[PDB]
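Residue numbers (the deposited numbering), protein chains in the order written: chain H, -12 to 254; chain G, -2 to 255; chain F, -1 to 256; chain A, 295 to 407, 412 to 693, 697 to 717, 723 to 747. Here a beta-carbon is modelled for each residue, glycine too, at the ideal position from N, C-alpha and C. Here's the structure, in structure tokens; my notes come after.
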Ligand SMILES: Nc1ncnc2c1ncn2[C@@H]1O[C@H](COP(=O)(O)OP(=O)(O)OP(O)(O)=S)[C@@H](O)[C@H]1O
Ligand SMILES: [Mg+2]
């Protein structure tokens, strides 16, 4: 009766992080929502660190939201929060435009609170999500130098991937003679998109930066790349790095941190 | 020049929105036509939701209807037809004596385009219910677009949505397996935009739980009125109503077990 | 050197074109010449035949010295055709006796070359037959204004009857749930010539078709903003879609009605 | 104006001819439901109808199942929410429809309210053994509801022992309906007649029931054929119209067996008035039952066609043999949708020939075929013996079971002290016993 006051705000909490904008997080989770299913969100005093490897065990997502993405952040002790993105997606869809999003957890979490506050305080919405117990995987901070490093608009990169993925189930990427090439040999035909390092000055946004060191030629699963391009919903341009032995790194920069996929070539 | 009923919708799109408003939970429905206007109630297939309509003579650029006639029709068929009519069109309902069908004339300003459709009526043995204006424990009202969002949001969490009106406060809760969902809204009145204000006339507390599926179906009336009236009482079906310039589309939803 | 050098002013052109075939027609052998491109094919039912004619006028450059025969699959081709940005230019390239055709997309500011290979389909068939060249009636209306009337009526019947009567274009459909009739007249809006509807009649026409096909037809509405239709009793109806240097025409056979 | 089965449809369980025992068993269950609920359905009362959320009615066509379920519901004040084969009951729609009323109350239950259940549902999932490919996963989802419902649930079907119905086994109170009793149907039919302004020989009203194999719905329809056929019934007509009706519309399968078995047709004289071609043709007057009919009563005649000095027995053995051969022929005719060109031979081998061997004076009387219902008994029991095997296969082919499960009867029926001893020491449960009890009986 009189206890019709949400709990989130008043409970003893070890984690209380308000976002700059609800949508931010909503967007974040979407960028890797389709690849992974259950991920552990390790929260520290510095921010958020999440990682996960697909069931096939050939793709690796790595998130990292810096403390700068928050209006106010105060996690005061390391807490691991495992949770299903499918459920997380649902909660995240309840957020409006002019609604703030606060993640709250008590010193002994068995679930996580997602509180939505509005301008006109007349509207408060509190969602609680049951935590999952996953076997957290230690950070694979391995930064093996990549033979080549490039970056281009995410919108134009997505198409390339999506367009060729029509011709074959295996997209190829070559970095020969400081020139980017995308090949797709399929059953019905073939595809070949080639883009040289272009640098506009009026619209610096749209540019192709490249760094060749060793001839590159790798083949990954298109099905995967199709999901990897989802990050296109966070960063204007995506940076890729390719190595002769180390998996491929696709990064989508974010003010606070970034979303990055580590896809392992198909041999 | 050969009919017992001849109405002419001011706006064609209207009758469509009016029917798309409940053509998902009800299939066959009897439209009682008389002097003042059109009235029609129909029970759900699962017999949980009662739907009542009322179209006043003030929604037609012209409304005849000599004698009282029953137009039993299948909303799926009727819906296919109404889908035909375009923007600049004056939908005219036409029914002869003791009809077997019904005509829907889609004329246009430019009398160079006329489109008329015939629709075979259905034989419906409607279990006519006695709806009586009751005194509900609580009576709120809010923007239909908001009630929609709330209902759509919570429905992702549970198959049941609990509506609690305690101490002049509207609270919707959804407790599922993945987690819970709680939304609370406090009454107010913005003179800037009266239509975005949340009302609330409580007289006694109310704690009812409704099937999420039926609310997802009722929120479809959110194209007829920018506001939705909700009347709740511990001992009666909830009442969700949408106001029409000349009538209303109301839903009576039976609650779940305690 | 390329025996077949075909550059489309805009890659967005050859795209709207193939959208007409795509669904109703399976495989289509493309025969090239010195004045442009031509191709035809027919339904496995032998009810509808498509005839395509592309003139050089819709090319920024054309050079096909010696005539060619490009057999290819639309579903495979329609794919390759989507890989083009609205800032590129398409270029058909085939060598002596093609074993696969080449489509080249290019920009005009940044070095971006998109070259796709495409095996060719050989069906050992090249029967191009056309005989009608004078109909009892010719009419025209906007491709969108048509596709509408079509799908509306498609809801009430498997057959649609285009009845051409004294200066009155009439489309009718009679079915299980009811009937449907759209009668539009020849009118011209001095301010909107495109939405104008012209109809020149000589001898009355009355012939029914199978909505099935009629539907796949209104997909060529993507090739232009106005469709021409010529009728003649006991004779395949001709639906033509105008294009700057050519056109896409559908020849649909009626149904013996007595 | 309306069909008779309609206007004369029960209006109270006090009008369901037969199964009165099962109707009771039904009505009870629907009564102690609230309590069964109160007790978490774990208290199988003195009836057993206490651990079951839902009841499963089953039995032959037109015997009152659908009438009972509806009636028993309307009697306890509940409101009815039904579905049947004409509806799409796929797992998807099932979960998007009724799943929502399993714990909901009637919206009609309010504008109707002293009713104590008026605001509660009784879900009648009818014609469940009719859920085809248009109901993917329907039975499964439906059988899952029988465990998680919070309102009475009634399911009806014709063949409970089917594979498609397996998922329902342990989940509900299945009450059986058998073919109503003749006296019940005879009495009922009489009542009808009287109100319909006509009379009929209890021998006619009797054989009908026998032909209808108990289908009370069928007899009613079949009995509405008289008044509907003739224009005006009179004082005298009643006794004669029975003929044209009985020998044509009603018991036609009999007038066939009659004619066929009349020796006057096989004697030199009649032998040419009613030719070989006509005898064979009589077969095509109901090639379905004719073979069954002749076999049924080719041995209940006083032959007048025997060769001089030929015993009744001998002539019968000859027809017995032919009946046998004709069977062989039928099997093949039914092994290829394209063999109908063998029916004439079957006409000869299954009817005309056997007949000619014993035709003459009708000693007893023409009886309906015993084979049909007799084929139900045998079948309906193979299913039992079967499930019993797929429970003992642990402990001989299903055949070696019915021909060795003899000893078991003793140590399972012997005296009925050592009760639990043998029962449990067999690895059997409640149904494992109730089932094995039926067949053994
Ligand atoms: N036991 C009965 N007592 C009296 N009338 C009956 C009985 N069984 C059937 N009838 C008549 O037959 C009609 C149909 O009976 P139902 O109960 O609907 O049959 P049913 O057993 O459900 O048959 P199905 O659907 O073929 S399984 C009723 O309207 C009655 O007039
Ligand atoms: Mg039935």
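Where residue i meets chain G, residues with beta-carbon distance less than 7 Å
i, result
"residue 15 (chain F)", "None at all; the shortest Cβ gap to chain G is about 28 Å."
"residue 111 (chain H)", "181"
"residue 185 (chain F)", "107, 109"
"residue 460 (chain A)", "Per Cβ cutoff of 7 Å: no residues; residue 460 (chain A) is ~28 Å from chain G at best."
9 Å Cβ cut-off: residues of chain G touching residue i
i, result
"residue 423 (chain A)", "Simply none; closest approach about 13 Å."
Sub-8 Å separation of residue i and residue j beta-carbons
i, j, result
"residue 220 (chain G)", "residue 55 (chain G)", "no"
"residue 118 (chain F)", "residue 99 (chain F)", "yes"
"residue 38 (chain H)", "residue 25 (chain H)", "no"
"residue 517 (chain A)", "residue 483 (chain A)", "yes"
"residue 283 (chain G)", "residue -9 (chain H)", "The structure shown does not extend to residue 283 (chain G), since chain G is modelled only from -2 to 255, so the question has no answer here."
"residue 104 (chain G)", "residue 86 (chain G)", "yes"
"residue 22 (chain H)", "residue 41 (chain H)", "yes"
"residue 405 (chain A)", "residue 216 (chain G)", "no"
"residue 74 (chain F)", "residue 175 (chain H)", "yes"
"residue 0 (chain H)", "residue 93 (chain H)", "yes"
"residue 76 (chain G)", "residue 20 (chain G)", "yes"
"residue 43 (chain G)", "residue 413 (chain A)", "no"
"residue 439 (chain A)", "residue 398 (chain A)", "no"
"residue 231 (chain F)", "residue 205 (chain F)", "yes"
"residue 165 (chain F)", "residue 184 (chain F)", "yes"
Inter-residue CB distance, residue i and residue j (contact presumed, cutoff 8 Å)
i, j, result
"residue 229 (chain F)", "residue 235 (chain F)", "5 Å"
"residue 207 (chain H)", "residue 225 (chain H)", "Incorrect: roughly 15 Å between the Cβ atoms, too far for contact."
"residue 179 (chain G)", "residue 3 (chain H)", "Contact flag wrong, Cβ pair sits at about 18 Å."
"residue 135 (chain H)", "residue 199 (chain H)", "5 Å"
"residue 167 (chain F)", "residue 212 (chain F)", "Not really, about 15 Å apart at Cβ, beyond 8 Å."
"residue 584 (chain A)", "residue 554 (chain A)", "6 Å"
Paired residues, beta bridge with residue i - DSSP
i, result
"residue 70 (chain F)", "F:26"
"residue 87 (chain H)", "H:104"
"residue 61 (chain H)", "Residue 61 (chain H) pairs with nothing; no bridge assigned."
"residue 659 (chain A)", "A:600"
"residue 136 (chain H)", "H:198, H:228"
"residue 190 (chain F)", "F:187"
"residue 8 (chain H)", "Beta-bridge pairing links residue 8 (chain H) to no other residue."
"residue 2 (chain H)", "H:92"
Proximal residues of chain H, C-beta to C-beta of residue i below 8 Å
i, result
"residue 114 (chain F)", "154, 176, 177, 178, 179"
"residue 74 (chain F)", "175, 176"
Under 7 Å by beta carbon: chain F residues contacting residue i
i, result
"residue 195 (chain G)", "The contacting residues do not exist; residue 195 (chain G) stays about 41 Å from chain F at best."
Assigned exposure category for residue i - 16 Cβ within 10 Å defines buried
i, result
"residue -2 (chain H)", "exposed"
"residue 35 (chain G)", "buried"
"residue 718 (chain A)", "Between 717 and 723 in chain A the model has nothing, and residue 718 (chain A) is one of the residues in that span."
"residue 186 (chain H)", "exposed"
"residue 383 (chain A)", "buried"
"residue 150 (chain F)", "buried"
"residue 160 (chain H)", "buried"
"residue 541 (chain A)", "exposed"
"residue 626 (chain A)", "exposed"
Proximal residues of chain H, C-beta to C-beta of residue i below 9 Å
i, result
"residue 206 (chain G)", "By Cβ distance, chain H contributes nothing, its closest Cβ being about 16 Å from residue 206 (chain G), past 9 Å."
"residue 161 (chain G)", "-9"
"residue 168 (chain G)", "-9"
Ligand 3 heavy atom lying under 7 Å from the CB of residue i
i, result
"residue 242 (chain G)", "This structure lacks ligand 3; its bound ligands are ligand 1 and ligand 2."
Contacts of residue i in chain A (Cβ-Cβ under 8 Å)
i, result
"residue 45 (chain G)", "394, 395, 398, 399, 400, 401"
Contact list for residue i against chain H, beta-carbon separation under 7 Å
i, result
"residue 127 (chain F)", "The contacting residues do not exist; residue 127 (chain F) stays about 29 Å from chain H at best."
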